[PDB]
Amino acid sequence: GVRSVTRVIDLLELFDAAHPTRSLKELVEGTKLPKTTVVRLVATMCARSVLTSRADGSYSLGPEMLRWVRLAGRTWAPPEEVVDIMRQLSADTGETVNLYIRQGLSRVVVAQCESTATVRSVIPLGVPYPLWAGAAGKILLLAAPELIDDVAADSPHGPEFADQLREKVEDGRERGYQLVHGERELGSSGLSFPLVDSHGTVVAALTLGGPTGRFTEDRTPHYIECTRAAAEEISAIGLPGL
């Protein structure tokens, strides 16, 4: 896209829970950008309170940036009753529950209830992942038949994979869910059900993700019974901001 805007966002994405502050050196090294470019961008963000210059010489997110993060948090937060349903589903299954939407050719988690299991899905909120792998992507594609060829072209299987991706999406339509093992990343499995608006359009994918050794055939019937009831309940409650 627009280069300098790509770069500021690239820079901001370096700040996360594990890296709450960042030196000039770290921002340069993580952006691959030139120091003189990074120095100017950082000074601009500082001036506008998008970043804060700290006493140790490092930087952190500034008050303006935190204001937007809070606002987006409220924009995307499901109703409290929907969060309660997700929390009960995580407890009932012992798996992290992710509520994904599509943005372009990506899927992104916009609400999450982690389980207490020490090995579990902790896919980060707000980070784009591809549509071509995993259960949620193929559920979101039920509402985007026109994107299937572009998603296959985006996948490492390449354009010729479009027909089989189309088939898999349609299999999910008939079953009413996707249960997939080790497509995204070895050891990882996902079960996803569609969340629908009043028109029956699929607007989001309610998904359990976790270690494939807990998504075994003796356990998934229960996962399926609980997740289906939850997705039906959340669809009926409605997700106003979608």
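A residue's number is simply how far along the shown sequence it sits, counting from 1.
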Segment of higher mean CA temperature factor, 69 to 77 or 127 to 135 = 127 to 135
Report the stretch with the higher mean CA temperature factor, choosing between 104 to 112 and 150 to 158 on the basis of the entry.
-> 150 to 158
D16: C-alpha B-factor third of its chain, per the entry, is the highest
Determine, from the deposited record, the chain-internal third of the Cα B-factor for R214: lowest, middle or highest.
-> lowest
Temperature factor at the Cα of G182, chain-ranked in thirds, falls in the highest
Tell me, lowest, middle or highest third: where does the Cα B factor of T37 rank within its chain?
-> highest
Third assignment of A204 from its chain's C-alpha B-factors = lowest
